[PDB]
Structure formats: C-alpha cells, structure tokens
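Side chains are part of it too, since the values below use all heavy atoms of this structure and drop only hydrogens, waters and symmetry mates. Numbering starts at 1 and runs along the sequence shown.
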Amino acid sequence: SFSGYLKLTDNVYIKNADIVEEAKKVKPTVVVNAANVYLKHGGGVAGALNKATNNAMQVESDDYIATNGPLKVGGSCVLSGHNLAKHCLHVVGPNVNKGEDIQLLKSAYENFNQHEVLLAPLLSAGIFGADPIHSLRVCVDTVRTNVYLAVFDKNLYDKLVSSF
Ligand SMILES: CCC(=O)Nc1nc(C)cs1
C-alpha cells in the first residue's frame with residue numbers, strides 16, 4: 001500500500017514525494033490530478049501525470065472536453081488512471097494567479113469525499129498561486145475520506161509539517 005506517510009489527522013497523510021513516482025509505485029485506485037477547467041495538462045502535477053501516461057491522459061481528456069465542455073472551477077471528473085492508477089480524479093482548484101475565488105478551494109476538496117482513498121497533491125498550491133499552508137488546512141477541514149498527500153518540494157513539506 002502507501003508507505004512513508006506522516007499521519008496529520010485520522011484521515012489525512014503526507015509525504016515528501018513526486019506524485020508520479022508515488023503513483024507508479026503504488027498504482028492507487030484514484031490519483032488526483034491538479035487540473036484546469038479545459039483539462040489541458042501542460043505543467044505542474046497535470047503535465048507530469050500526463051507525461052507519465054505518454055500523453056494518453058491528454059487524448060482522453062480532449063475527447064471528454066469535446067463531448068462535455070469544460071469543468072467548473074471547484075469541479076471534477078473521473079477519467080482513466082492509465083498506467084498510474086485505476087482512475088484519475090481531475091479536480092479543478094482555483095488558480096489565484098488568474099484571480100479565481102479562493103473559497104472554491106473548499107469546493108474542489110469536497111470532490112475527494114466521493115472516493116474512499118486517494119493519492120493527491122495539495123490543490124491550488126505551486127503554480128496555481130495559493131498559500132500551500134492554507135490548502136493543507138482546507139484539505140484537513142474538508143476531506144473525510146483517506147487522502148495521501150504527495151508534496152514534491154522538500155522545503156515546503158518541512159514548512160507544512162512544522163506549522164501544522
Ligand atoms: C516533474 C515532476 C513533477 O512536477 N512532479 C510533481 N509532483 C508533485 C507532487 C507536484 S509536481
């Protein structure tokens with residue numbers, strides 16, 4: 001199963017790890033992608049997960065968008081996990097760098113509650129511009145299912161743990 005995770009709460013765990021490497025190692029039932037509303041997996045976690053699937057995630061995502069239109073900020077969709085997981089839950093957290101409402105971060109985390117266990121990144125953190133400390137607090141106060149958080153940045157991981 002998941003290994004080397006520090007327990008933060010009854011249901012939230014955290015590890016300093018690259019989510020792609022965690023997914024290849026564990027092959028979880030659900031890997032969360034930090035998606036945008038268009039499912040254009042260019043950078044950050046999205047670009048890295050898509051690259052690990054050899055672009056299969058992007059082709060599937062483009063077919064989903066062509067059929068259904070874009071997601072909402074705070075929304076999600078379940079697609080294939082390809083070689084990384086059974087499923088990929090593409091969750092859209094607000095992108096603060098685009099002036100998207102930070103209160104939608106709680107809505108984005110609520111999508112995790114539809115799944116018993118997930119491997120996930122901190123939503124809206126990194127290139128999305130939100131404060132990762134705030135993202136972890138919203139995560140622990142919103143998610144009731146088992147979430148295994150993979151934080152890529154070591155210095156960020158230490159700050160998140162020491163300030164929790
Ligand atoms: C290039 C690989 C990469 O960006 N990996 C990332 N893992 C996380 C958890 C965020 S970004």
Main-chain N/O of [Y] paired to [X] side chain as donor or acceptor, under 3.5 Å:
{"X": "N111", "Y": "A108", "answer": "yes"}
{"X": "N146", "Y": "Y13", "answer": "no"}
{"X": "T145", "Y": "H115", "answer": "yes"}
{"X": "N11", "Y": "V147", "answer": "no"}
{"X": "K106", "Y": "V138", "answer": "no"}
{"X": "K7", "Y": "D10", "answer": "yes"}

Nearest 0.5 Å, please: how far is [atom2] in [Y] from [atom1] in [X]?
{"X": "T9", "Y": "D141", "atom1": "OG1", "atom2": "CG", "value": "9.5 Å"}
{"X": "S76", "Y": "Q114", "atom1": "OG", "atom2": "CD", "value": "8.0 Å"}
{"X": "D18", "Y": "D153", "atom1": "CG", "atom2": "CG", "value": "12.0 Å"}
{"X": "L6", "Y": "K15", "atom1": "CG", "atom2": "NZ", "value": "12.0 Å"}
{"X": "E60", "Y": "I65", "atom1": "CD", "atom2": "CD1", "value": "11.0 Å"}

Over all atoms of both residues, closest heavy-atom pair of [X] and [Y]:
{"X": "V143", "Y": "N113", "value": "CA-OD1, 3.4 Å"}
{"X": "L149", "Y": "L136", "value": "CD1-CD1, 3.6 Å"}
{"X": "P28", "Y": "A23", "value": "CD-O, 3.7 Å"}

Are any of the side-chain heavy atoms of [X] and [Y] separated by less than 4.5 Å?
{"X": "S107", "Y": "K72", "result": "no"}
{"X": "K40", "Y": "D62", "result": "yes"}
{"X": "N16", "Y": "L156", "result": "no"}
{"X": "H87", "Y": "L79", "result": "no"}
{"X": "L39", "Y": "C77", "result": "yes"}

Consider only side-chain heavy atoms of I, L, V, M, F, W and Y, link residues closer than 4.5 Å, and tell whether [X] and [Y] are in one cluster.
{"X": "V31", "Y": "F112", "answer": "no"}
{"X": "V151", "Y": "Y5", "answer": "no"}
{"X": "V91", "Y": "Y38", "answer": "no"}
{"X": "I19", "Y": "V32", "answer": "no"}
{"X": "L119", "Y": "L160", "answer": "no"}

### Task
Classify the ring geometry between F2 and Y148 as parallel (under 30°), tilted (30 to 60°) or perpendicular (over 60°).
parallel

### Task
Please list, chain by chain and in numerical order, all residues satisfying ring-ring contact (aromatic ring centres under 6.0 Å, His included) with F152, sequence neighbours excluded.
none

### Query
Quick one: ring-ring contact (aromatic ring centres under 6.0 Å, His included) partners of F164, sequence neighbours excluded?
none

Distance-only donor-acceptor pairs under 3.5 Å for side chains of residues 123-135, two or more places apart:
{"residue": "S124", "atom": "OG", "partner": "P94", "partner atom": "O", "Å": "2.8"}
{"residue": "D131", "atom": "OD1", "partner": "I133", "partner atom": "N", "Å": "3.1"}
{"residue": "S135", "atom": "OG", "partner": "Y109", "partner atom": "OH", "Å": "2.7"}
{"residue": "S135", "atom": "OG", "partner": "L123", "partner atom": "N", "Å": "3.4"}
{"residue": "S135", "atom": "OG", "partner": "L123", "partner atom": "O", "Å": "2.6"}

### Residue list, side-chain hydrogen bond (donor to acceptor under 3.5 Å, both in side chains) with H90, at least two apart or on another chain
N33

Under 3.5 Å, which donor-acceptor pairs do the side chains of residues 98-105 form with other protein atoms, sequence neighbours left out?
{"residue": "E100", "atom": "OE1", "partner": "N95", "partner atom": "N", "Å": "2.8"}
{"residue": "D101", "atom": "OD1", "partner": "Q103", "partner atom": "N", "Å": "3.0"}

Output a table of donor-acceptor pairs, distance under 3.5 Å, between side-chain atoms of residues 45-53 and any protein atom two or more places apart or on a different chain; print 'none' if there are none.
{"residue": "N50", "atom": "OD1", "partner": "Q58", "partner atom": "N", "Å": "2.9"}
{"residue": "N50", "atom": "ND2", "partner": "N55", "partner atom": "OD1", "Å": "2.9"}
{"residue": "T53", "atom": "OG1", "partner": "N50", "partner atom": "O", "Å": "2.8"}
{"residue": "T53", "atom": "OG1", "partner": "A56", "partner atom": "N", "Å": "3.4"}
{"residue": "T53", "atom": "OG1", "partner": "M57", "partner atom": "N", "Å": "3.0"}

